[PDB]
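A.B. asks: Below is the file model_18.cif, with mmCIF, C-alpha atoms.
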```cif
data_start
loop_
_atom_site.label_atom_id
_atom_site.label_comp_id
_atom_site.auth_asym_id
_atom_site.auth_seq_id
_atom_site.Cartn_x
_atom_site.Cartn_y
_atom_site.Cartn_z
CA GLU B 15 -90.11 -258.34 -9.34
CA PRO B 16 -89.18 -256.72 -6.01
CA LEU B 17 -87.37 -253.36 -6.07
CA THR B 18 -84.49 -254.82 -4.05
CA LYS B 19 -83.86 -257.42 -6.74
CA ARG B 20 -84.05 -254.89 -9.56
CA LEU B 21 -81.54 -252.67 -7.77
CA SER B 22 -79.14 -255.46 -6.80
CA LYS B 23 -79.18 -256.78 -10.39
CA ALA B 24 -78.46 -253.33 -11.78
CA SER B 25 -75.60 -252.71 -9.33
CA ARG B 26 -73.89 -256.08 -9.86
CA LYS B 27 -71.02 -254.74 -11.99
CA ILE B 28 -70.25 -251.63 -9.92
CA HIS B 29 -70.53 -253.71 -6.72
CA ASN B 30 -67.77 -255.98 -8.04
CA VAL B 31 -65.72 -252.89 -8.91
CA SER B 32 -66.24 -251.56 -5.37
CA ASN B 33 -65.32 -254.92 -3.86
CA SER B 34 -61.94 -254.90 -5.65
CA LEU B 35 -61.35 -251.26 -4.64
CA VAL B 36 -62.06 -251.97 -0.97
CA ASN B 37 -60.20 -255.27 -0.73
CA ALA B 38 -57.20 -253.78 -2.57
CA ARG B 39 -56.96 -251.12 0.13
CA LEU B 40 -57.70 -253.21 3.26
CA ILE B 41 -54.18 -254.59 3.53
CA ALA B 42 -52.84 -251.07 3.27
CA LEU B 43 -55.23 -249.82 5.95
CA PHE B 44 -54.63 -252.71 8.37
CA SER B 45 -50.91 -251.98 8.26
CA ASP B 46 -51.54 -248.98 10.54
CA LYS B 47 -54.50 -248.37 12.86
CA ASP B 48 -54.13 -244.63 12.31
CA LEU B 49 -54.49 -245.11 8.55
CA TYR B 50 -57.46 -247.40 9.11
CA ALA B 51 -59.18 -244.87 11.38
CA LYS B 52 -58.56 -241.95 9.01
CA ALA B 53 -60.20 -243.99 6.27
CA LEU B 54 -63.15 -244.76 8.60
CA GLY B 55 -63.38 -241.01 9.14
CA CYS B 56 -64.39 -240.50 5.49
CA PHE B 57 -67.42 -242.62 6.05
CA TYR B 58 -68.05 -241.13 9.47
CA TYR B 59 -68.86 -237.98 7.49
CA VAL B 60 -70.88 -239.92 4.91
CA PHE B 61 -73.09 -241.36 7.62
CA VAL B 62 -73.30 -238.04 9.51
CA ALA B 63 -74.62 -236.47 6.29
CA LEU B 64 -77.09 -239.23 5.39
CA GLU B 65 -78.46 -239.53 8.91
CA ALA B 66 -78.78 -235.75 9.35
CA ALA B 67 -80.74 -235.58 6.09
CA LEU B 68 -83.01 -238.43 7.22
CA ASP B 69 -83.51 -236.82 10.63
CA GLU B 70 -84.50 -233.60 8.89
CA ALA B 71 -87.04 -235.48 6.76
CA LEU B 72 -88.45 -237.21 9.86
CA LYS B 73 -88.71 -233.87 11.64
CA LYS B 74 -90.58 -232.36 8.66
CA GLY B 75 -92.88 -235.37 8.78
CA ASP B 76 -92.03 -236.50 5.26
CA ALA B 77 -94.72 -238.99 4.25
CA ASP B 78 -92.29 -241.55 2.89
CA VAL B 79 -89.36 -241.40 5.30
CA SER B 80 -91.74 -241.30 8.28
CA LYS B 81 -93.12 -244.67 7.21
CA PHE B 82 -89.62 -246.04 7.87
CA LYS B 83 -89.08 -244.38 11.27
CA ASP B 84 -89.16 -247.66 13.23
CA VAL B 85 -86.64 -249.45 10.97
CA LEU B 86 -84.39 -246.37 10.70
CA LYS B 87 -84.29 -245.32 14.33
CA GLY B 88 -84.02 -248.81 15.83
CA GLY B 89 -80.30 -249.45 15.46
CA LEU B 90 -79.50 -249.00 11.78
CA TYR B 91 -77.75 -245.65 12.28
CA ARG B 92 -73.93 -245.75 12.13
CA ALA B 93 -72.51 -242.23 12.68
CA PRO B 94 -72.20 -242.57 16.47
CA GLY B 95 -70.45 -245.95 16.05
CA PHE B 96 -68.03 -244.46 13.51
CA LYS B 97 -67.34 -241.51 15.78
CA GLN B 98 -66.61 -243.85 18.70
CA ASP B 99 -64.09 -245.80 16.62
CA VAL B 100 -62.40 -242.68 15.26
CA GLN B 101 -62.00 -241.24 18.77
CA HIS B 102 -60.77 -244.62 20.02
CA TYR B 103 -58.00 -245.01 17.46
CA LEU B 104 -56.90 -241.41 16.99
CA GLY B 105 -57.38 -239.92 20.45
CA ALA B 106 -57.55 -236.27 21.44
CA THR B 107 -56.66 -234.72 18.07
CA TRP B 108 -58.78 -237.06 15.93
CA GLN B 109 -60.47 -234.18 14.12
CA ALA B 110 -57.17 -232.70 12.94
CA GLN B 111 -55.87 -236.14 11.96
CA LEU B 112 -58.86 -236.57 9.65
CA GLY B 113 -57.29 -233.78 7.59
CA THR B 114 -59.28 -232.07 4.85
CA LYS B 115 -62.36 -233.52 3.18
CA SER B 116 -61.84 -234.65 -0.40
CA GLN B 117 -63.91 -233.00 -3.12
CA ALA B 118 -65.52 -236.42 -3.61
CA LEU B 119 -66.72 -236.45 0.00
CA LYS B 120 -67.94 -232.85 -0.13
CA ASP B 121 -69.84 -233.60 -3.33
CA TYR B 122 -71.64 -236.54 -1.70
CA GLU B 123 -72.38 -234.49 1.43
CA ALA B 124 -73.91 -231.79 -0.77
CA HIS B 125 -75.92 -234.32 -2.75
CA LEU B 126 -77.38 -235.91 0.38
CA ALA B 127 -78.29 -232.52 1.84
CA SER B 128 -79.97 -231.61 -1.44
CA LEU B 129 -81.96 -234.85 -1.45
CA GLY B 130 -83.03 -234.11 2.11
CA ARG B 131 -84.36 -230.73 1.05
CA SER B 132 -86.04 -231.53 -2.27
CA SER B 133 -86.81 -235.28 -2.43
CA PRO B 134 -86.37 -237.07 0.90
CA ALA B 135 -87.77 -240.42 -0.31
CA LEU B 136 -84.61 -240.87 -2.46
CA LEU B 137 -82.57 -240.98 0.76
CA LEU B 138 -84.05 -244.45 1.30
CA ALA B 139 -82.09 -245.74 -1.70
CA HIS B 140 -78.93 -244.58 0.03
CA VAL B 141 -79.97 -246.27 3.25
CA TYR B 142 -80.47 -249.44 1.23
CA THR B 143 -76.94 -249.18 -0.16
CA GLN B 144 -74.97 -247.81 2.80
CA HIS B 145 -76.63 -248.96 5.99
CA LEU B 146 -77.44 -252.48 4.87
CA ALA B 147 -73.87 -253.12 3.68
CA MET B 148 -72.56 -252.13 7.14
CA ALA B 149 -74.90 -254.75 8.62
CA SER B 150 -73.59 -257.25 6.06
CA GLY B 151 -70.10 -257.15 4.57
CA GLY B 152 -69.08 -254.75 7.33
CA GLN B 153 -68.96 -257.75 9.70
CA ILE B 154 -65.99 -259.06 7.73
CA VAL B 155 -64.01 -255.83 8.12
CA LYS B 156 -64.91 -255.95 11.82
CA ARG B 157 -63.50 -259.47 12.20
CA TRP B 158 -60.23 -258.49 10.51
CA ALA B 159 -59.88 -255.31 12.58
CA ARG B 160 -60.33 -257.29 15.79
CA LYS B 161 -57.80 -259.93 14.68
CA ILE B 162 -55.07 -257.65 13.36
CA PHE B 163 -55.38 -254.87 15.94
CA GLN B 164 -55.93 -257.37 18.77
CA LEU B 165 -59.03 -255.54 19.95
CA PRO B 166 -61.01 -256.20 23.14
CA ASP B 167 -64.45 -257.60 22.33
CA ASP B 168 -66.25 -254.32 23.13
CA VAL B 169 -63.93 -251.66 21.68
CA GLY B 170 -62.70 -250.65 18.24
CA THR B 171 -65.44 -251.91 15.93
CA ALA B 172 -68.40 -249.79 17.03
CA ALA B 173 -68.93 -248.74 13.39
CA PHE B 174 -69.83 -252.38 12.69
CA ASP B 175 -71.50 -253.35 15.98
CA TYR B 176 -75.21 -254.09 16.50
CA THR B 177 -75.58 -254.58 20.23
CA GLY B 178 -79.36 -254.03 20.41
CA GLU B 179 -81.51 -255.18 17.50
CA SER B 180 -79.55 -257.77 15.49
CA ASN B 181 -77.96 -256.77 12.18
CA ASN B 182 -79.93 -259.56 10.50
CA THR B 183 -83.27 -258.33 11.83
CA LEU B 184 -82.56 -254.69 10.94
CA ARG B 185 -81.53 -255.57 7.43
CA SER B 186 -84.47 -257.91 6.68
CA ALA B 187 -87.02 -255.51 8.20
CA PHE B 188 -85.78 -252.61 6.09
CA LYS B 189 -85.71 -254.75 2.95
CA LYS B 190 -89.27 -255.97 3.46
CA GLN B 191 -90.63 -252.47 3.97
CA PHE B 192 -88.47 -250.98 1.20
CA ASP B 193 -89.92 -253.51 -1.24
CA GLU B 194 -93.52 -253.00 -0.09
CA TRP B 195 -93.31 -249.22 -0.08
CA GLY B 196 -91.30 -249.15 -3.32
CA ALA B 197 -93.87 -251.20 -5.22
CA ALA B 198 -96.53 -248.59 -4.34
CA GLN B 199 -94.54 -245.76 -5.96
CA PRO B 200 -94.88 -244.31 -9.49
CA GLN B 201 -92.48 -245.83 -12.04
CA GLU B 202 -90.56 -242.52 -12.21
CA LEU B 203 -89.74 -242.67 -8.48
CA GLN B 204 -88.81 -246.36 -8.69
CA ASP B 205 -86.39 -245.45 -11.51
CA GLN B 206 -84.96 -242.65 -9.38
CA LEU B 207 -84.38 -245.06 -6.51
CA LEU B 208 -82.44 -247.31 -8.89
CA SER B 209 -80.40 -244.31 -10.03
CA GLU B 210 -79.66 -243.19 -6.48
CA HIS B 211 -78.63 -246.75 -5.50
CA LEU B 212 -76.04 -246.73 -8.31
CA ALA B 213 -74.98 -243.20 -7.32
CA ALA B 214 -74.16 -244.34 -3.79
CA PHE B 215 -71.67 -246.86 -5.19
CA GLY B 216 -70.29 -244.17 -7.47
CA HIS B 217 -69.84 -241.69 -4.63
CA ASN B 218 -68.30 -244.32 -2.36
CA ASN B 219 -65.81 -245.34 -5.02
CA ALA B 220 -64.83 -241.71 -5.60
CA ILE B 221 -64.32 -241.16 -1.87
CA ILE B 222 -62.24 -244.33 -1.55
CA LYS B 223 -60.04 -243.43 -4.52
CA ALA B 224 -59.49 -239.88 -3.27
CA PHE B 225 -58.11 -241.14 0.06
CA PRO B 226 -54.34 -240.51 0.35
CA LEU B 227 -52.72 -243.91 0.88
CA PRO B 228 -48.98 -243.79 1.68
CA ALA B 229 -46.72 -245.72 -0.71
CA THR B 230 -45.41 -247.63 2.32
#
```
Could I get this structure in the form of structure tokens?
C.D. replies:
Amino acid sequence: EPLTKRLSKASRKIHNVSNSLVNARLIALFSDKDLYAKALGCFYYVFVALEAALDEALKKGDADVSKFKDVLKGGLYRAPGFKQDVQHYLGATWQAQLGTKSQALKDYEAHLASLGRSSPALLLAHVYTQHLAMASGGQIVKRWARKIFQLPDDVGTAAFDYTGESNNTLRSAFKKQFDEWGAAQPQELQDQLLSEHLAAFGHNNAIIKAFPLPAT
């Protein structure tokens, strides 16, 4: 049984929980592009943290992360796309409008940094969870944003855009390598990857719930 299938089976229940959480907040976010962009800003920081940790592992020549260099550095990365969208919607004072980071966000940032220092291979479980969802379900958020905010075809959804390598190719290439590499790892590390996959959902849900949504 491939690692991807073991992880996706284990995360089925929390994925459904996340799904409800996100959909329940979409209508609220789409009511105001500023609200939407502030919410994007949370995950701007998530992806800054994850991608900085990965870049650090690649620079150190981590045996495991380096094996993934081509699939990681070929269009999967999201932080520049998120930053483009946040600057687009919020303008000159975007950084102030993002407010203060929730404890939930700071905790995930700290966790990712710690993984980068002590066990960089476990970052790949968070890539599996975070980056591949952007390439997937993220396309639905993108379509709604463009419809409701009446966006030009080349502005406003850079967080969800894949203008070089296709989202489909990036996702399948990472999956294939993740499964091949994962199967060659000790059972303890495979279990840790499962745990970190679940943790990414947990962190994301915490960050989503901590976001201050106006009653209006």
A.B. asks: With a cut-off of 10 Å, could you pull out the residues of range 168-214 of chain B touching range 91-95 of chain B and give me the nearest pair of atoms for each, distance in Å to one decimal, using all atoms listed in the file, ordered by chain and ascending number, as a Markdown table?
C.D. replies:
```
| residue | atom | partner | partner_atom | distance |
| --- | --- | --- | --- | --- |
| B:170 | CA | B:95 | CA | 9.3 |
| B:171 | CA | B:95 | CA | 7.8 |
| B:172 | CA | B:95 | CA | 4.5 |
| B:173 | CA | B:95 | CA | 4.1 |
| B:174 | CA | B:95 | CA | 7.3 |
| B:175 | CA | B:95 | CA | 7.5 |
| B:176 | CA | B:95 | CA | 9.4 |
```
A.B. asks: Next, dump the selected residues to file, keeping only C-alpha atoms, as a PDB file, in the frame of the given file.
C.D. replies:
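Saved the output as selection37.pdb:
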```pdb
ATOM      1  CA  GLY B 170     -62.700-250.650  18.240  1.00  0.00           C
ATOM      2  CA  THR B 171     -65.440-251.910  15.930  1.00  0.00           C
ATOM      3  CA  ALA B 172     -68.400-249.790  17.030  1.00  0.00           C
ATOM      4  CA  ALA B 173     -68.930-248.740  13.390  1.00  0.00           C
ATOM      5  CA  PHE B 174     -69.830-252.380  12.690  1.00  0.00           C
ATOM      6  CA  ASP B 175     -71.500-253.350  15.980  1.00  0.00           C
ATOM      7  CA  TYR B 176     -75.210-254.090  16.500  1.00  0.00           C
TER       8      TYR B 176
END
```
A.B. asks: Find the residue from B:217, B:73, B:189, B:52 that sits nearest to residue 103 in chain B; use only C-alpha atoms when measuring.
C.D. replies: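 The answer is B:52, which sits nearest to residue 103 in chain B.
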A.B. asks: So that I can see what lies close to residue 121 in chain B, please list as a list in words the residues with an atom at most 12 Å from it, counting only C-alpha atoms and leaving out residues fewer than 4 positions away in the same chain.
C.D. replies: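 What passes the distance filter is residues 59, 60, 63, 115, 116, 117, 125, 126, 127, 128, 213, 214, 216, 217, 218, 220 and 221 of chain B.
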A.B. asks: For each of B:120, B:156, B:145, B:211, take the minimum atom-to-atom distance to residue 21 in chain B, counting only C-alpha atoms, then give the residue where this is smallest.
C.D. replies: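 That would be B:211, the residue with the smallest distance to residue 21 in chain B.
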A.B. asks: Just to confirm, what's the straight-line distance from CA of residue 185 in chain B to CA of residue 146 in chain B in Å (one decimal)?
C.D. replies: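 Distance between the two atoms: 5.7 Å.
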A.B. asks: State, in Å with one decimal place, the distance from CA of residue 183 in chain B to CA of residue 151 in chain B.
C.D. replies: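 So the two atoms, CA of residue 183 in chain B and CA of residue 151 in chain B, lie 15.1 Å apart.
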A.B. asks: Can you work out the spacing between CA of residue 26 in chain B and CA of residue 41 in chain B in Å, to one decimal?
C.D. replies: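 Answer for the CA of residue 26 in chain B to CA of residue 41 in chain B separation: 23.9 Å.
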A.B. asks: Neighbours of range 64-70 of chain B within 10 Å (only C-alpha atoms; same-chain residues fewer than 6 positions away dropped), as an mmCIF file with C-alpha atoms, in the frame of the given file?
C.D. replies:
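Done, and the output landed in part14.cif:
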```
data_model
loop_
_atom_site.group_PDB
_atom_site.id
_atom_site.type_symbol
_atom_site.label_atom_id
_atom_site.label_comp_id
_atom_site.auth_asym_id
_atom_site.auth_seq_id
_atom_site.Cartn_x
_atom_site.Cartn_y
_atom_site.Cartn_z
ATOM 1 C CA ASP B 76 -92.030 -236.500 5.260
ATOM 2 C CA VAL B 79 -89.360 -241.400 5.300
ATOM 3 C CA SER B 80 -91.740 -241.300 8.280
ATOM 4 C CA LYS B 83 -89.080 -244.380 11.270
ATOM 5 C CA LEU B 86 -84.390 -246.370 10.700
ATOM 6 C CA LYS B 87 -84.290 -245.320 14.330
ATOM 7 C CA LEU B 90 -79.500 -249.000 11.780
ATOM 8 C CA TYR B 91 -77.750 -245.650 12.280
ATOM 9 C CA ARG B 92 -73.930 -245.750 12.130
ATOM 10 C CA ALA B 93 -72.510 -242.230 12.680
ATOM 11 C CA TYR B 122 -71.640 -236.540 -1.700
ATOM 12 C CA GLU B 123 -72.380 -234.490 1.430
ATOM 13 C CA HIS B 125 -75.920 -234.320 -2.750
ATOM 14 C CA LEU B 126 -77.380 -235.910 0.380
ATOM 15 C CA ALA B 127 -78.290 -232.520 1.840
ATOM 16 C CA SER B 128 -79.970 -231.610 -1.440
ATOM 17 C CA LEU B 129 -81.960 -234.850 -1.450
ATOM 18 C CA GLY B 130 -83.030 -234.110 2.110
ATOM 19 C CA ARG B 131 -84.360 -230.730 1.050
ATOM 20 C CA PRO B 134 -86.370 -237.070 0.900
ATOM 21 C CA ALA B 135 -87.770 -240.420 -0.310
ATOM 22 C CA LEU B 137 -82.570 -240.980 0.760
ATOM 23 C CA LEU B 138 -84.050 -244.450 1.300
ATOM 24 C CA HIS B 140 -78.930 -244.580 0.030
ATOM 25 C CA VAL B 141 -79.970 -246.270 3.250
ATOM 26 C CA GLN B 144 -74.970 -247.810 2.800
ATOM 27 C CA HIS B 145 -76.630 -248.960 5.990
#
```
A.B. asks: Please complete range 27-54 of chain B so it has N, CA and C atoms, and hand it over as a PDB file, in the frame of the given file.
C.D. replies:
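This is the output file out.pdb:
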```pdb
ATOM      1  N   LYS B  27     -72.331-255.063 -11.442  1.00  0.00           N
ATOM      2  CA  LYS B  27     -71.020-254.740 -11.990  1.00  0.00           C
ATOM      3  C   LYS B  27     -70.241-253.693 -11.173  1.00  0.00           C
ATOM      4  N   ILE B  28     -70.925-252.662 -10.692  1.00  0.00           N
ATOM      5  CA  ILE B  28     -70.250-251.630  -9.920  1.00  0.00           C
ATOM      6  C   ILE B  28     -69.972-252.145  -8.498  1.00  0.00           C
ATOM      7  N   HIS B  29     -70.782-253.087  -8.020  1.00  0.00           N
ATOM      8  CA  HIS B  29     -70.530-253.710  -6.720  1.00  0.00           C
ATOM      9  C   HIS B  29     -69.225-254.499  -6.781  1.00  0.00           C
ATOM     10  N   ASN B  30     -69.031-255.265  -7.851  1.00  0.00           N
ATOM     11  CA  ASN B  30     -67.770-255.980  -8.040  1.00  0.00           C
ATOM     12  C   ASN B  30     -66.580-255.029  -8.152  1.00  0.00           C
ATOM     13  N   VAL B  31     -66.761-253.918  -8.854  1.00  0.00           N
ATOM     14  CA  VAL B  31     -65.720-252.890  -8.910  1.00  0.00           C
ATOM     15  C   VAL B  31     -65.396-252.365  -7.498  1.00  0.00           C
ATOM     16  N   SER B  32     -66.432-252.084  -6.722  1.00  0.00           N
ATOM     17  CA  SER B  32     -66.240-251.560  -5.370  1.00  0.00           C
ATOM     18  C   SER B  32     -65.484-252.527  -4.458  1.00  0.00           C
ATOM     19  N   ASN B  33     -65.955-253.761  -4.476  1.00  0.00           N
ATOM     20  CA  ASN B  33     -65.320-254.920  -3.860  1.00  0.00           C
ATOM     21  C   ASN B  33     -63.798-255.009  -4.092  1.00  0.00           C
ATOM     22  N   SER B  34     -63.375-254.878  -5.342  1.00  0.00           N
ATOM     23  CA  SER B  34     -61.940-254.900  -5.650  1.00  0.00           C
ATOM     24  C   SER B  34     -61.239-253.681  -5.042  1.00  0.00           C
ATOM     25  N   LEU B  35     -61.871-252.520  -5.175  1.00  0.00           N
ATOM     26  CA  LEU B  35     -61.350-251.260  -4.640  1.00  0.00           C
ATOM     27  C   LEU B  35     -61.112-251.376  -3.139  1.00  0.00           C
ATOM     28  N   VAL B  36     -62.144-251.819  -2.428  1.00  0.00           N
ATOM     29  CA  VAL B  36     -62.060-251.970  -0.970  1.00  0.00           C
ATOM     30  C   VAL B  36     -61.046-253.033  -0.549  1.00  0.00           C
ATOM     31  N   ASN B  37     -61.165-254.241  -1.091  1.00  0.00           N
ATOM     32  CA  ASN B  37     -60.200-255.270  -0.730  1.00  0.00           C
ATOM     33  C   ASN B  37     -58.757-254.884  -1.069  1.00  0.00           C
ATOM     34  N   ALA B  38     -58.557-254.194  -2.185  1.00  0.00           N
ATOM     35  CA  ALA B  38     -57.200-253.780  -2.570  1.00  0.00           C
ATOM     36  C   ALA B  38     -56.599-252.779  -1.596  1.00  0.00           C
ATOM     37  N   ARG B  39     -57.444-252.137  -0.795  1.00  0.00           N
ATOM     38  CA  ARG B  39     -56.960-251.120   0.130  1.00  0.00           C
ATOM     39  C   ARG B  39     -56.954-251.581   1.596  1.00  0.00           C
ATOM     40  N   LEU B  40     -57.687-252.645   1.904  1.00  0.00           N
ATOM     41  CA  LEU B  40     -57.700-253.210   3.260  1.00  0.00           C
ATOM     42  C   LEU B  40     -56.332-253.518   3.818  1.00  0.00           C
ATOM     43  N   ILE B  41     -55.497-254.205   3.039  1.00  0.00           N
ATOM     44  CA  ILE B  41     -54.180-254.590   3.530  1.00  0.00           C
ATOM     45  C   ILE B  41     -53.383-253.348   3.868  1.00  0.00           C
ATOM     46  N   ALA B  42     -53.514-252.334   3.018  1.00  0.00           N
ATOM     47  CA  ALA B  42     -52.840-251.070   3.270  1.00  0.00           C
ATOM     48  C   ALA B  42     -53.348-250.472   4.577  1.00  0.00           C
ATOM     49  N   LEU B  43     -54.662-250.451   4.756  1.00  0.00           N
ATOM     50  CA  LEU B  43     -55.230-249.820   5.950  1.00  0.00           C
ATOM     51  C   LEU B  43     -54.895-250.576   7.232  1.00  0.00           C
ATOM     52  N   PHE B  44     -54.901-251.906   7.176  1.00  0.00           N
ATOM     53  CA  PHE B  44     -54.630-252.710   8.370  1.00  0.00           C
ATOM     54  C   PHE B  44     -53.164-252.677   8.770  1.00  0.00           C
ATOM     55  N   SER B  45     -52.324-252.078   7.929  1.00  0.00           N
ATOM     56  CA  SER B  45     -50.910-251.980   8.260  1.00  0.00           C
ATOM     57  C   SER B  45     -50.669-250.941   9.352  1.00  0.00           C
ATOM     58  N   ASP B  46     -51.670-250.091   9.590  1.00  0.00           N
ATOM     59  CA  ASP B  46     -51.540-248.980  10.540  1.00  0.00           C
ATOM     60  C   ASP B  46     -52.913-248.537  11.050  1.00  0.00           C
ATOM     61  N   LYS B  47     -53.163-248.668  12.355  1.00  0.00           N
ATOM     62  CA  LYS B  47     -54.500-248.370  12.860  1.00  0.00           C
ATOM     63  C   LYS B  47     -54.856-246.914  12.624  1.00  0.00           C
ATOM     64  N   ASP B  48     -53.851-246.042  12.581  1.00  0.00           N
ATOM     65  CA  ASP B  48     -54.130-244.630  12.310  1.00  0.00           C
ATOM     66  C   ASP B  48     -54.632-244.419  10.878  1.00  0.00           C
ATOM     67  N   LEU B  49     -54.056-245.159   9.935  1.00  0.00           N
ATOM     68  CA  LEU B  49     -54.490-245.110   8.550  1.00  0.00           C
ATOM     69  C   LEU B  49     -55.918-245.629   8.439  1.00  0.00           C
ATOM     70  N   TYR B  50     -56.149-246.776   9.068  1.00  0.00           N
ATOM     71  CA  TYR B  50     -57.460-247.400   9.110  1.00  0.00           C
ATOM     72  C   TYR B  50     -58.522-246.415   9.621  1.00  0.00           C
ATOM     73  N   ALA B  51     -58.225-245.769  10.735  1.00  0.00           N
ATOM     74  CA  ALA B  51     -59.180-244.870  11.380  1.00  0.00           C
ATOM     75  C   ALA B  51     -59.428-243.597  10.563  1.00  0.00           C
ATOM     76  N   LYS B  52     -58.381-243.082   9.927  1.00  0.00           N
ATOM     77  CA  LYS B  52     -58.560-241.950   9.010  1.00  0.00           C
ATOM     78  C   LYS B  52     -59.485-242.303   7.859  1.00  0.00           C
ATOM     79  N   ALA B  53     -59.342-243.518   7.347  1.00  0.00           N
ATOM     80  CA  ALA B  53     -60.200-243.990   6.270  1.00  0.00           C
ATOM     81  C   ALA B  53     -61.646-244.142   6.758  1.00  0.00           C
ATOM     82  N   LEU B  54     -61.822-244.700   7.955  1.00  0.00           N
ATOM     83  CA  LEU B  54     -63.150-244.760   8.600  1.00  0.00           C
ATOM     84  C   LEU B  54     -63.771-243.378   8.708  1.00  0.00           C
TER      85      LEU B  54
END
```
